[PDB]
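Visitor: The following block contains the structure, expressed as structure tokens.
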Amino acid sequence: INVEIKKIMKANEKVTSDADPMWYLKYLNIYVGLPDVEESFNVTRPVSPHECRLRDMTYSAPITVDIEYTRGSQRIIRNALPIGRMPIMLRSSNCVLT
Amino acid sequence: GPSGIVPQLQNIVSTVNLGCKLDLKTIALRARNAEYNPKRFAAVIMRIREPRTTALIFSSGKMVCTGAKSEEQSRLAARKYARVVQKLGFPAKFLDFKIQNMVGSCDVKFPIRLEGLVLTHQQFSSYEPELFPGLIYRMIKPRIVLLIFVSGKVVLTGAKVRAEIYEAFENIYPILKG
Amino acid sequence: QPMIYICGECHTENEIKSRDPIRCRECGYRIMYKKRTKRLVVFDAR
Amino acid sequence: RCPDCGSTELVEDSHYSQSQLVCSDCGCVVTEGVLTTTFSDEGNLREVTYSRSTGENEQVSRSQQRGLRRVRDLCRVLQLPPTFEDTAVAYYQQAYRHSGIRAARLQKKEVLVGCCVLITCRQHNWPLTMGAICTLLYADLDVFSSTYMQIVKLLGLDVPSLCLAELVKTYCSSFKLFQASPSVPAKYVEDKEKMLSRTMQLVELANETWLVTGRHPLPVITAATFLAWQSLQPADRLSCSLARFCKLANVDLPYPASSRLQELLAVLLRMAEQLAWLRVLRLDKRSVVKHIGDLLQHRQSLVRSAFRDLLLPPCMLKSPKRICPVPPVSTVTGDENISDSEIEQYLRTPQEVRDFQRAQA
Amino acid sequence: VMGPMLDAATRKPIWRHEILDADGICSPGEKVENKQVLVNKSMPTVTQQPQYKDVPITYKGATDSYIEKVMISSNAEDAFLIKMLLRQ
Amino acid sequence: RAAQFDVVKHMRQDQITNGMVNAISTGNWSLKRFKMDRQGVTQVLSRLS
Ligand SMILES: [Zn+2]
Ligand SMILES: [Zn+2]
């Protein structure tokens, strides 16, 4: 979680369409955050492993990345765009119980 | 019973068949009142003040007129344009006069909480305070569409006679009161 | 008359009696437990 | 009916392992034994959609499949539950039935996809602003709104309204004042729970005072969050303004937010006049914010008293002495022609008709 | 979930619905025997009013057990989840 | 469209979350990069004691 994720992201930093040159998209930094649950109102609250055990849920934390890309102009930036979610091993660095 | 306020008519819509071919370019060339902007639309639009109305004419020989406060006034304006076209050099006739629509409005002089109306009438009342400020209600007897606002004023449309407007008004009035 | 479920976190009695989604009335918790039965049960002390 | 005694008291019952149908009045067995698949085949189960098994999913036009793929993408990038996406695509397919929409231009179908997702989201009570969905599309607000009205009129389906509390709960977490980010001084950080409580009771006050009806809720929610944020610490926060807070919060406040603020100040003045301490202290627009908790502790009776002096739009509260004056009766039409001189203006003499062809050329 | 259906003779629930509480779920602390229902679940037939059919959760087991606790919860998509703990 | 599109509109989120949860839950790891299919990687924790 701490280093290899960033190494992979660096290994795949840049993407560019062969059609219409001068357009591209670059990744800058990627984080993993803390575990949480998506309730039914586009809002989140933190969880504990036992609540996940009871509710047949998954104990995971969101993956977030900051991005740099172009649309007409190149000066478009996003800072905390999420990509997905990663399961969390218990008593790891990002867990609640540590 | 009535609240002492009658629905006043605001608009009248009527049409009549002129019964002949006309040249819009000729009308724009001769009449002291005409459009012809074929780049946008190929038609001629009239208007007079006695009655206060606007009419629109085509080469196909149809007339559409609107703007009066009473149906008879609309017919008077229609006959005035018929006279104008007859003296324009066209063999116009005032044939098949038909009344299409009218608009009216009224008030109840007490505030209206739209939330209760939508909660009890959603099946025919559409409430959406994001785009259109007011509330939309479509009535079946007669085929009337109604707009309601918090101020208590109501707009009525879709009828053919003032009797329909009055009757729809008194149909809805108990609902407006409670 | 309406039935009571005990919240799993603050243990404040809640009544649902509806399709209302589960959520505590005081705290934000989302787990509820049924109350114990009122009928008596007989055991053999063996 | 039991074939032996004719009684209708048949009961389904199983002995230790044998399922059977027994006449509970004479003991006869009318049907015994079942044939059921086991695990050895349970592991092999496949699935075929019946539409596929019936030849459907083959008449789907390229544009129709593209549109439903757009529906899936829109539904899924928002991380909505799968049932939402399934219902959305079902409604899209159902609306595709009529000829009037399958014959339509691309932006019309785009905004139809958007409003389809929007309505299915409404059906689940889920709060979601139309502006955000317009942002996720390539369309403008006006055409989207017009087409949404057209489709709701066409289908006449149920459209549950947006519950204000749900908008408040969704919107409150969006702001970034709950974390000690380096971009914001820690002076402004507050517990979010008290924030939500203060805001939802403030917007309840706004709602019951006729402020919210017929107006955009978002600016009202923003103003309520304002009154909270100043109320929890007037010691320093009273000096800030709208632009400052929206800057730190990184939010685009609506223009009518200031007017909504002003009118809710009018309301809290009307609300403060009742209280003894406030009405003696001679408070003002700015100074009142520090007593918000005091007023809302006893809201209901005081607002009921304030009703007996309601709220109506200020524009028509200018004391109109005349209301809907009766116009004069002018339905008379004359006999056949009230005049002939009006026609004596509608024609041009040849003097200028001749030269009517050489300026527009 | 439907409440227990009462007997036409005894003013009391039928034997299969002996332990169910007034809402259709067992009451913690009771003793459950073989073939008695745990939840009185009914499902619509959509697969003018829609017909239902009954698929109650019958307790299968050779020996009696005691209900210790019952937990009710829900997910984001309105799927009510019910769990029960049984003791021997 | 002549007007330039923006990629943010298409940034999907299922194909990572579902990939990870499936790969961990079912226990099979299929990788087209090296043509390796591994089975039995994960086991349910045992709570007999
Ligand atoms: Zn609780
Ligand atoms: Zn028999």
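Read the figures in this text as sums done on the coordinates, not as results from a lab. Ideal geometry is used to build each Cβ from the backbone, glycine not excepted, and the neighbour counts take in all protein chains shown.
Visitor: Among the residues of region D:76-86, are any farther than 30 Å from D:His124 by Cβ and either more than 16 Å from ligand 1 (Cβ to nearest atom) or small (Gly, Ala, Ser) (or both)?
Guide: Within region D:76-86, none of the residues are farther than 30 Å from D:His124 by Cβ and either more than 16 Å from ligand 1 (Cβ to nearest atom) or small (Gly, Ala, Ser) (or both).
Visitor: Only residues that are loosely packed, with under 13 Cβ neighbours inside 10 Å and small (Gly, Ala, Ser): list them for region F:4-46, please.
Guide: F:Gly19, F:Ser25, F:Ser30, F:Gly40, F:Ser46
Visitor: Going residue by residue through region D:125-136, is there one that turns out to be over 19 Å from D:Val159 (Cβ atoms) and surrounded by fewer than 19 Cβ atoms within 10 Å (Cβ to Cβ)?
Guide: Looking for residues that are over 19 Å from D:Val159 (Cβ atoms) and surrounded by fewer than 19 Cβ atoms within 10 Å (Cβ to Cβ), one finds at least one in region D:125-136, hence yes.
Visitor: Which of the residues that make up region B:92-115 are within 12 Å of another protein chain (Cβ to nearest Cβ) and more than 30 Å from D:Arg322 (Cβ to Cβ)?
Guide: B:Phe94, B:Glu115
Visitor: Sticking with this structure for a sec: For D:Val203, state whether it is part of a helix (DSSP H, G or I), within 12 Å of another protein chain (Cβ to nearest Cβ) and not acidic (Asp, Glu).
Guide: When the stated conditions are applied, D:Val203 does not pass them.
Visitor: Sticking with this structure for a sec: Which is more than 28 Å from the chain's Cα centre (by Cα) and over 24 Å from D:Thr222 (Cα atoms), of D:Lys290, D:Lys321?
Guide: D:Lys321 is the lone residue from the list that is more than 28 Å from the chain's Cα centre (by Cα) and over 24 Å from D:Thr222 (Cα atoms).
Visitor: Out of the residues in region B:69-106 that are assigned to a loop (DSSP other than H, G, I, E, B) and farther than 11 Å from B:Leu9 by Cβ, state the one that is farthest from the chain's Cα centre (by Cα). Walk me through how you get there before you give the answer.
Guide: First, the residues of region B:69-106 that are assigned to a loop (DSSP other than H, G, I, E, B): B:69-70, B:88-94.
Still in the running and farther than 11 Å from B:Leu9 by Cβ: B:88-94.
Numbers: B:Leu88: 28, B:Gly89: 30, B:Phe90: 28, B:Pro91: 28, B:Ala92: 25, B:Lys93: 23, B:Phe94: 20 Å.
Among them, the one singled out is B:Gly89.
Visitor: For region D:1-32, how many residues meet the condition of being closer than 20 Å to E:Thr58 by Cβ and hydrophobic (A, V, I, L, M, F, W, C)?
Guide: Result for region D:1-32: 4.
Visitor: So is D:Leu227 assigned to a helix (DSSP H, G or I) and either under 19 Å from A:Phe41 (Cα atoms) or within 20 Å of the chain's Cα centre (by Cα) (or both) or not?
Guide: no
Visitor: Right, something else. Can you pull out every residue in region E:49-88 that is touching an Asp or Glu at 6+ places or on another chain (Cβ under 7 Å) and either farther than 16 Å from E:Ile25 by Cβ or among the polar types (S, T, N, Q) (or both)?
Guide: E:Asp64, E:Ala76, E:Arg87, listed by residue number.
Visitor: Can you list the strands (runs of 3 or more DSSP E) found entirely within chain E that contain at least 1 residues being touching a helix residue (DSSP H, G or I) at 6+ places or on another chain (Cβ under 9 Å) and within 14 Å of chain C (Cβ to nearest Cβ)?
Guide: Fully inside chain E and qualifying: E:65-74, E:80-87.
Visitor: Would you mind finding the one in B:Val44, B:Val13, B:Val64, B:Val6 that is β-branched (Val, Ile, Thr), crowded, with 16+ Cβ neighbours inside 10 Å and within 14 Å of another protein chain (Cβ to nearest Cβ)?
Guide: That would be B:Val44, the only listed residue that is β-branched (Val, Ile, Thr), crowded, with 16+ Cβ neighbours inside 10 Å and within 14 Å of another protein chain (Cβ to nearest Cβ).
Visitor: Let me ask something else. Pairs under 7 Å by beta carbon, first residue small (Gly, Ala, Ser) in region D:1-30, partner within 7 Å of ligand 2 (Cβ to nearest atom), six or more apart or different chains?
Guide: D:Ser7/D:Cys23; D:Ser7/D:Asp25
Visitor: List the residue pairs whose Cβ atoms are under 8 Å apart, where the first residue sits in region B:163-178 and is within 15 Å of B:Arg138 (Cα to Cα), the second is assigned to a helix (DSSP H, G or I), and the two are 6 or more positions apart or on different chains.
Guide: Close Cβ pairs satisfying both conditions: B:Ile175/B:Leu117; B:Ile175/B:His121.
Visitor: Filtering region A:47-98 down to residues that are acidic (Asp, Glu) and surrounded by 12 or more Cβ atoms within 10 Å (Cβ to Cβ), which residue is nearest to the other protein chains (Cβ to nearest Cβ)?
Guide: A:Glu51
Visitor: Examine region F:6-15 for a residue that is among the basic types (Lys, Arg) and within 14 Å of chain A (Cβ to nearest Cβ), and state whether such a residue exists.
Guide: Yes.
Visitor: Out of everything in region A:25-46 that is surrounded by fewer than 16 Cβ atoms within 10 Å (Cβ to Cβ) and among the polar types (S, T, N, Q), what residue ends up being farthest from the other protein chains (Cβ to nearest Cβ)?
Guide: A:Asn29
Visitor: How many residues, within region A:1-44, are aromatic (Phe, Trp, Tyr) and over 17 Å from the mean Cα position of the chain (by Cα)? Give the steps one after another, and end with the answer.
Guide: Within region A:1-44, the subset aromatic (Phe, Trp, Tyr) is A:23-24, A:27, A:31, A:41.
If we keep only those that are over 17 Å from the mean Cα position of the chain (by Cα) too, we end up with A:23-24, A:41.
Of the residues in region A:1-44, 3 are aromatic (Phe, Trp, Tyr) and over 17 Å from the mean Cα position of the chain (by Cα).
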